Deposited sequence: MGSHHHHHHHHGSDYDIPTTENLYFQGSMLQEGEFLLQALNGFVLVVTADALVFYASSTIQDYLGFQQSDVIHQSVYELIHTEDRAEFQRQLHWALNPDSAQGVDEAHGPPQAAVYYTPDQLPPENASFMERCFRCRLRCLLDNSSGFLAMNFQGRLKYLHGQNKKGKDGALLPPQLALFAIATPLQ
């Protein structure tokens, strides 16, 4: 709830926040996603990320979800996302970190 009321603060970022679990579900996406892709936060959370991703770039994202190329792994990669404003090329920058599962915490920035 604090996160929901404080969401607007992430407008200072040059991109949107994306958190994706190992099962490839979007655990979280900042509302600012609407400003880049035109999707609403609510349309995207609890759904698969692959619906947002170009079919050719899906394998790469899936790869990024993997530990092999507590603690964390740095992640920095390119990926095209569905953009209703047909696609928008973005750089994902973040970390892979954690019975509990593994998760990608990232910022997606337009090129």
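Missing from the model, relative to the deposited sequence, are the stretches 1-27, 97-126, 143-146, 160-173, 187.
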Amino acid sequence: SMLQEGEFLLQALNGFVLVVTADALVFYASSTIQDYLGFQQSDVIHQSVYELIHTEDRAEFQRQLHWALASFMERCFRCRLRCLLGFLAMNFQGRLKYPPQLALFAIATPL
From here on, numbers count along this sequence of modelled residues.
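Mean CA temperature factor is higher for 99-107 when stretches 99-107 and 13-21 are set side by side in the entry. Once the C-alpha B-factors are averaged per stretch, 60-68 and 26-34 rank with 60-68 first.
In the deposited entry, the Cα temperature factor of residue 48 sits in the middle third of values across the chain's modelled residues.
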